[PDB]
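Q: Would you mind keeping the following structure in view while I ask a few things?
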Amino acid sequence: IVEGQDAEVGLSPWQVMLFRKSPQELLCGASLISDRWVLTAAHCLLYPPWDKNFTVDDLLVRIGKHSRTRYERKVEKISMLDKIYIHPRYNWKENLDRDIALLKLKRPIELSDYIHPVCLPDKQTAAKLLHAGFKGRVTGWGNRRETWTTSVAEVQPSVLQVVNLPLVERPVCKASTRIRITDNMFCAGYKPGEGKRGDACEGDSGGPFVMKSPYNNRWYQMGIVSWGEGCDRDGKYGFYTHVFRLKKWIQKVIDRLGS
Amino acid sequence: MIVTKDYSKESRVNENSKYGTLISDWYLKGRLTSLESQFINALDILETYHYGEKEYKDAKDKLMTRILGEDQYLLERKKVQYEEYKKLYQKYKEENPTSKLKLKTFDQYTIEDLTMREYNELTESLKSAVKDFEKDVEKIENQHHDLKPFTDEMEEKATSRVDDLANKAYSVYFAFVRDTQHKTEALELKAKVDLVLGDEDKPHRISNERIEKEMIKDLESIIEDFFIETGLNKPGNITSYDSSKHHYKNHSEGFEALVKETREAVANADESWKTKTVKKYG
Amino acid sequence: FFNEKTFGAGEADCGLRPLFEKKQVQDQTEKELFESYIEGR
Ligand SMILES: *C[C@@](*)(O)[C@H](CCCNC(N)=[NH2+])NC(=O)[C@@H]1CCCN1C(=O)[C@H](N)Cc1ccccc1
Ligand SMILES: *[C@H]1O[C@H](CO)[C@@H](O)[C@H](O)[C@H]1NC(C)=O
Ligand code: NA
């Protein structure tokens, strides 16, 4: 996260960290939505242009953290993935459409004051809240900033980062790009003419874009960090997955065994 | 309207420097690589495991900053250079109907205007900033005993303990990974050890004392972690794993033999340990 | 709106931070989101 800020330990319990087993390497952020389901950006697992296609074995998530460095026995719980769920109509060949994925933990975890789940946007809360102008919250351990020093990754913070970004209106979003947009994704950030700034960056993806409902002091994950051209550049905005609009799919896949 | 601020300038490269004599393109593409190679290196000094502590932060931010302020420069350089490239590309088309050639994107475009005055100044700041870091550290260590690094002997002593204990858990792992009733909890153990232990090939260095302390307790706990979850009882003494004393593929005999003893350990072990565990489960 | 038997537990309590919410503790940049909700009144 660019223009980020050290989170306050216990600020994003539902914040998972998709970590790769070997070579030990940080892949993406994620989202805990229950005690056995975690939600992330579909491309964090699969993305052929970068020869990416991980599987349950290749990695393991880590919930209830803060320091990306050291192991935190006191609060850190490490769990292995049972089955992996990428979206069918997921389009990477062209523009990362339906860039969302579901992960089913091999064993249900015990929620502590640090591993609590998040809520999914509501059919009504979606409308009441998803309006251009409103600010959401993005968290992750992604690139601290953009670097000409390409060919190098390790540029992340030490602790979890948090940045609150306002929603941009459809026109602009589409306008600020030569990449085709879809109702299945939204863009957030600060307009150049504005003062503040910030953005999520690489190795941030999977992470949540939450908002807190004033009608019930609860946090709903409106979006997933998905893509963007550069990072916190001036003129382009960061694109997240429109989680609510996809909630139809989600359901369709969790409540699977039965029908 | 057309005015922008954002002067996050903290680079030690003199402004009136980019007006120098541009480096011969051929000899340029190289200096660029030099540059990159410095950032690459410098950054690494941070991801150095030994520094993953709470006392080092204020001194790591220091560097990190020094490193970005310089990188910012170069970015702003490229970000500017491109805008001037686009134009001279346009005025290039309006001369050649044959757009046989295509315009390079910001991500393809490389820096083409880099004086030497610029290059030196950047390196003299990073080469600098780092020496600065080494200081910040050497200091923080003369004030935090356990943090001062070991000696080739010392480090070997710790490292050896840890590796033994670790290999002592791999006994537990192998022991129950086949136990269909505990297959998972075993796997999480094994995978959790690999996690802390470090990449197999180049594992986290057991530099200072503290690292030795923690590593044991983190491995200590991770082991108890297994028992709490399988309920099973921790034996006050389990054999260690010698890759040559009982290989799962080269010394099966001593391999299954190792597991027999271990299972028996856990089978006859008392509930005395539950009162000592590292993590206060509950 | 899922059945624990398939979605797991936590649904009910979702969104409430045991170290903030369920303790009347607001975080360093919470009101900031409420600043985006209503600029008047
Ligand atoms: C998966 C991630 O962590 C990462 C998130 C990037 C967020 N960036 C900003 N500026 N907020 N996603 C990516 O890097 C994606 C996946 C692969 C390509 N990519 C990009 O964002 C490119 N920069 C643009 C792009 C290229 C091809 C197809 C879609 C987008
Ligand atoms: C890897 O995942 C499955 C393995 O069967 C395969 O179908 C898929 O095409 C692969 N992913 C990539 C990189 O295309
Ligand atoms: Na921006």
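Residue numbering for chain A follows Swiss-Prot, covering 367-625 in order.
Structure determined by X-ray crystallography, 3.5 Å.
Quick reminder: no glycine exception, Cβ is built from N, Cα and C everywhere.
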Q: If you pull up Swiss-Prot, which of A:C539, A:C567 shows a disulphide to A:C553?
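A: The record-listed partner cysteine is A:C539.
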Q: For the disulfide-bonded residues A:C394, A:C539, A:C553, A:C597, which one has its C-beta crowded by the most other C-beta atoms within 10 angstroms?
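A: Within the set of disulfide-bonded residues, the most crowded position is A:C394.
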Q: Consider the recorded positions A:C394, A:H409, A:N419, A:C553 and say which one has the Cα lying nearest the Cα of A:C567 (disulfide bond).
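A: Going through A:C394, A:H409, A:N419, A:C553 one by one, the closest to A:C567 (disulfide bond) is A:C394.
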Q: Please classify the secondary structure at A:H409 (active site, charge relay system) using three-state DSSP.
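A: Its secondary structure by DSSP: helix.
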Q: Between the Cα atoms of A:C553 (disulfide bond) and A:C597 (disulfide bond), what distance do you get, rounded to the nearest Å?
A: 13
Q: Considering only the recorded positions A:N419, A:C553, A:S571, A:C597, which possess a Cβ situated under 6 angstroms from at least one atom of ligand 2?
A: A:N419
Q: Around the Cβ of A:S571 (active site, charge relay system), how many other Cβ atoms lie within 10 Å? Please give the count over every shown protein chain.
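A: Around the Cβ of A:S571 (active site, charge relay system), 29 other Cβ atoms lie within 10 Å.
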Q: Compared by Cα position, which of the recorded positions A:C394, A:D465, A:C539, A:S571, A:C597 is the closest one to A:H409 (active site, charge relay system)?
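A: Smallest Cα separation from A:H409 (active site, charge relay system) among A:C394, A:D465, A:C539, A:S571, A:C597: A:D465.
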Q: To the nearest Å, how far is the Cα of A:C597 (disulfide bond) from the Cα of A:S571 (active site, charge relay system)?
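A: Cα-Cα, rounded: 12 Å.
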